[PDB]
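Presented as structure tokens, the chain that follows is alone, the form deposited in one PDB entry.
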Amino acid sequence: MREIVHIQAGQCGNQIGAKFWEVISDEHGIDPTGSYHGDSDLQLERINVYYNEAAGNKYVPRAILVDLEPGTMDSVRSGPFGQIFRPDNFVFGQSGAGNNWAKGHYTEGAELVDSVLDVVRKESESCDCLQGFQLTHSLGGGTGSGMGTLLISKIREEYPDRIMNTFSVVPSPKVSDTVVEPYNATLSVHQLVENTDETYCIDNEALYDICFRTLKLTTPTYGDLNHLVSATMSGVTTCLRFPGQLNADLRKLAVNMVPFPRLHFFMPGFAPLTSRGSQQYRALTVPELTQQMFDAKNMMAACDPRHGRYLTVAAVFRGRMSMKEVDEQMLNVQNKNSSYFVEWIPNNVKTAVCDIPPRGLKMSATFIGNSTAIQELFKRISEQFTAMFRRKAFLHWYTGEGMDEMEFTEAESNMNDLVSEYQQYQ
């Protein structure tokens, strides 16, 4: 009941989804072989949300792993939680996109999207009451951006009345991993804006900042960043899986947090986030959790919320806590930061409390923020796109796979319109 189909597209999506599934299985007491070794019945009460059943009390996740190269699929299979997945769900080609959005959306992704949609359709049909779709990808690459966008469009045209929440990794401002990030990101957002219900924007720069500042990690690796992302991915849908005093589904979050249809780009966050050797000094309470949540340092997007105003905020608390404490803390946060909140919306914050915390934590929280500050990311992406596109730089690679300059202009216009809409409500 209220099942979620999970899709991993590209290297970033796959290596984040693997951490996500390890985290979820640990939370629900599933050992890597697929057996159940938990301690509480609430783990099995709603195991149908993220898992299917099989003969022998073995639980298989309903995850669909897609890529245009088999290397990352082999890495996932060879991992510690790799044999939990269904061997039929691995759908892959043999020619990668090569960080070409056109290659992954028009030429190589088209040949694989049929089989991917077949697996998606089978998994959805096996579900009792489908709730939504979950996608992990990166906007800065070829297979992720392009293939995930094509799959999102196809699924949206196939299931128009279902939530499509995508956890995308946006290009970082200061350091660029690929030289064609602006093109891929603009072309991916041009379809994310139209074919998604709520997209969560994560950039590696904010993750590195969190790790070095709050977590005090000397050598942050991709595992730690994927782990921080998996924390908020699990925390977003905790009310679907465990009982709580005040429950909020994905659609409830979308209704509260999306005032206008095209403004569905969110900044996620997590709390508590302390360093070993500093937990004995902290005080785990709702005020401290809220102070951590609303801090600009704790955001996982490189868009400072101070340079903007919040439209809607969601606070999905976990554990045993007073509703009075939570509501008073939210009210005082809104009052003390009135300049950072929108005035034509009373009570910008939404609250959901789940009465089951993550293992080893007495309390936890996930912060979802719809801020006008996300326009800065789009503005810099559009600036880089214009700089690269006035001079036709790196453009024959995209044109050689069947794209046109008019598509680039339309994507840029859509990005500019989204920026203008965000600026209007500020």
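Definition used throughout: the rigid core is the maximal C-alpha set that superposes within 1.5 Å between two forms. Numbers for residues come from their place in the sequence shown, where the first is 1.
Only in words, not in the display: the form deposited in another entry, which the text now covers.
When the two forms are overlaid on the rigid core, CA displacement between this form and the one not shown of 2 Å or more is confined, within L289, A314, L151, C201, to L289. A movement of the C-alpha atom of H264 falling short of 2 angstroms is seen between this form and the one not shown when the two forms are aligned on their rigid core.
If you fit the rigid core between this form and the one not shown, you'll see the Cα of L273 move by 2 angstroms or more. Annotation for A365: C-alpha shift of 2 angstroms or more between this form and the one not shown, rigid core superposed.
If you compare C-alpha positions, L246 and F266 are 3 angstroms or more closer together in that other deposited form than in the form on display.
Whereas the shown form places them at one spacing, the Cα atoms of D177 and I16 lie at least 3 Å farther apart in that other deposited form.
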